[PDB]
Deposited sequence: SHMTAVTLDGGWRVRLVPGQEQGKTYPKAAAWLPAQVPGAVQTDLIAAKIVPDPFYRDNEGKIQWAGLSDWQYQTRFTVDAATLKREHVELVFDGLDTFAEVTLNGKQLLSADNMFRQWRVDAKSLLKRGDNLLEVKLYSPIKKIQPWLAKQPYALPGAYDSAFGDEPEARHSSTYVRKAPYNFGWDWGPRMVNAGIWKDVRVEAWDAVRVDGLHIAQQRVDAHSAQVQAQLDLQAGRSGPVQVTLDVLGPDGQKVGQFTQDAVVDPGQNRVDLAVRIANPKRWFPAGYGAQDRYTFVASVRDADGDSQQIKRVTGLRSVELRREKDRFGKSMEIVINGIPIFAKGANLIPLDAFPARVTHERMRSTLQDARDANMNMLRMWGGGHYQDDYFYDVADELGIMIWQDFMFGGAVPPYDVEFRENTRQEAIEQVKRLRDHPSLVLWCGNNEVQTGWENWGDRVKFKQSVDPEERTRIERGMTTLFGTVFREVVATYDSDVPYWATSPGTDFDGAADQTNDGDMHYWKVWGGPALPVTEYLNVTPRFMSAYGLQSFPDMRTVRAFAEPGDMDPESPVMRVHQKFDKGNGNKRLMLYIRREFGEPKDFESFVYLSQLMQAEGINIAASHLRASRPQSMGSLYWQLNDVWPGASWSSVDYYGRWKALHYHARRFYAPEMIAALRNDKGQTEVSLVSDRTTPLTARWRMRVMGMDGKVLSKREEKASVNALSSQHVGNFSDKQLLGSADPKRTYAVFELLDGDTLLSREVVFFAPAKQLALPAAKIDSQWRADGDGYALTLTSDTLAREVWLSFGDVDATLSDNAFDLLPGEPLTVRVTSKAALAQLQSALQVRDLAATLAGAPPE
């Protein structure tokens, strides 16, 4: 009949290839173990209790040997009556990580060398009735490449040194292998050089025609119409007639149209195209700009006996607008003719072990983005291309994906074999992902050009080789990221833009400029470690990375640590800090101390760390939105985590929100007031509106003594054009304070519609550690709210950065890390299965002033 597929994900065992030193050291791993597919031998070893959980305390080093070893997977499967007589029977590996040799009933069947490629092999003649034996050998990429690398004239500038000394300094095998770069350890992740059959394996069988894919190519989309072309790829083993029927369903569920096309297919590849025009399309818009409407395209193929394939897709135009203006050349994402200031963050993998990521976690990550008012995530090139399901959720929720190809910043080799291996990966990933409306941009890599131009080790490298070799290496990069990826996108996903490298100017000129293209800014946190107010002096056309570190939630810390470890410079805490080769808690202390002095205890440390991060990023993100149209994007580093540890994330490994993620919802709000005080004692006030209509609204400013008294009060009408930022005042300290003590005085700025409160920013005139913050009495009052509750908070005085917690009880909050103002109640919604009485007793309430009180000197 039609094609069939059977998944070979069960019955798998695994062990060390016989003869390795690791087999003597780990004899249990020399014998067969149950193996997960999809999975990793690493997680297989963990499940079998041969090694302890590498995420817990200091166990990271105990599993490093597995990445240095060669592995042998085995399974047995049966092929039945019907299957063996089909005209085609193929084995299909969706993911082999990475250097793989596949054997079927003892005969060599496939060599593989790309974690991101799908491998399809003709199996029919080698199969048999009943028991078949499938074997997959996986070779350590470190062990494989290093002996070859040791013999080379030079090693290309790579990624991170091994903390375990199993690779030479500045001689990294990772740049020579198409494998997720973060597997080799990063500056927020452990070194887990995974080996695995990390995606599904199938037996597939078919007769006359195989349906190789469906793509809805959008040719032009506007409000009047969408002209699309449904493109069907068909493999035929012989020449014959086919009949294709295409059904098109609206977002409402209605029936838009039915379309048919007859064709004769010929042996090999065949393309059958059906044009569809939709009048007055219900287009797909990013979050905050309308509905995430989508159409469904269902095609059937009758050959000489039918077959079904379905594509859900969203109609929209995408333009990367780069227009000359007074700040140079712009960079802005334009969806359905709407210029969208990009609001979001950088997305890294969801786990050190990618095969074990649940749908729930993928969905949760995106819903977190959504709830924090983000409209774009950048999928950073040091990770892996995501699961289909992840992209489904981004389509549904309206989170735009800026999709890096998976180059993380190492300098690639220029040999043809590497290039062509990478091309086929690119083609496969672009074909896989192209029909997701959320995928609006493709980007060749993370930071390769800017590293080559600005990082000391690249600069030293490129000047130490002969200039003729430098040209070869640069020609390699230019071709890979300027031609190969660009052409794959142009061929297979032609309606979306391509970008050579982030950050860059698409190879027009140099990387990382402030008046053209995008920028990653790291002079704050990294490098000279400048004060966070320096963020106010940087304004590129698009900021695609910047950030600050903080510790995860308390619950998360207890999850990888035990009381003996509860110190910023404990061995276990050090292991969980990956920045600045293990001594990055000093950098964190630097920033914490500047604003808050010395934390009283480890609890306050975690909190202050999250405040330092949250308040720092608020400065930058607000500054950038306020600068429109000078800037048109803010993607902070980073959204998420791979493991329990310190990082730049706003949401930790267990989905727990940091203070940053709650602040993010505010500074990314559709209507926002920015009031940002610079180091010159100048406070600039702007009203920002992402609305497509005019905003008629008022704003007010109030100057307050911390003793509770009002000093001055101003209010004005405001008319803000659509999609703009309007500067509405610029106030020196003298103007705001008069002779009032800066250490005892603050300012409140609010934006209102009618008198519904849209946004608020509270301004201070000194580092918090120098303030005379009042001691707040905060009043709790609960109330049923259906399945959840309403918690109302009232403070007699200013309370800064109020943090609500419930110990180990499970409850999430509509808001947290907020300011309370004198006599002004704030109600949050508490979601929890726990009863009112238990949330009563569990509730802990922390604030800045109470936290700073009783603190030691520095």
Comparing the deposited sequence against the modelled residues, what ranges come up empty for C-alpha?
305-306
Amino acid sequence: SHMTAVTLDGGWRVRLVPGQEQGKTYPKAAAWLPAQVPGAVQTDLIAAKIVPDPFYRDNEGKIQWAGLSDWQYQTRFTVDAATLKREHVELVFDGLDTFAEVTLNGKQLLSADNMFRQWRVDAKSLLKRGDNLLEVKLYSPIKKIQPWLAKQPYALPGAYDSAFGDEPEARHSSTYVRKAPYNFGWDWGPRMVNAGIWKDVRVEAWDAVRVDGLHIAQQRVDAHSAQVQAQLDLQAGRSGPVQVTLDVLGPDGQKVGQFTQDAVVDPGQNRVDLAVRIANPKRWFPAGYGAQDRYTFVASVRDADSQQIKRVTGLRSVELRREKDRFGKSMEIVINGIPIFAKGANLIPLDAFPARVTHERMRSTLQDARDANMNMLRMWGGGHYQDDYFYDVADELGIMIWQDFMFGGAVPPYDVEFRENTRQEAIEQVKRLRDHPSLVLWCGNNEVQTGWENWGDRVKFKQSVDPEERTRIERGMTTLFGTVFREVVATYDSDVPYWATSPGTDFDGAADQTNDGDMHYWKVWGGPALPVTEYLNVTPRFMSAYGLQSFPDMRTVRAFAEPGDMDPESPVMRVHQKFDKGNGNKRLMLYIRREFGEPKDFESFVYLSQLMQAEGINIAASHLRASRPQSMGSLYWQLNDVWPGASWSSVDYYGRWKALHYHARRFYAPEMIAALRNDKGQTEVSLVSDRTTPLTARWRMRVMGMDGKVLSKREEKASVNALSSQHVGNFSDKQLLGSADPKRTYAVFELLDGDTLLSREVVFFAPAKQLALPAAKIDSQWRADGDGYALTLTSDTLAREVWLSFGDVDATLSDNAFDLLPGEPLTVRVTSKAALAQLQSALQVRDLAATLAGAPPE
From here on, numbers count along this sequence of modelled residues.
Going by the B-factors listed in the PDB entry, is the mean over the C-alpha atoms higher for 753-761 or for 369-377?
753-761
Look over 638-646 and 725-733 in the entry and identify the one with the greater average Cα temperature factor.
725-733
For the CA B factor values reported in this entry, which option in 351, 404, 716, 388 has the top one?
716
Among 60, 44, 70, 824, single out the one with the highest C-alpha B factor in the record, please.
824
Can you work out whether the C-alpha temperature factor of residue 509 puts it in the lowest, middle or highest third of the chain?
lowest
Relative to the other modelled residues in the chain, which third contains the C-alpha temperature factor of residue 811: lowest, middle or highest?
highest
Where does the C-alpha B-factor of residue 446 rank in its chain, lowest, middle or highest third?
lowest
Chain thirds of CA B-factor: placement of residue 828
highest
Ordered by C-alpha B-factor within the chain, which third holds residue 242? Give me lowest, middle or highest, please.
middle
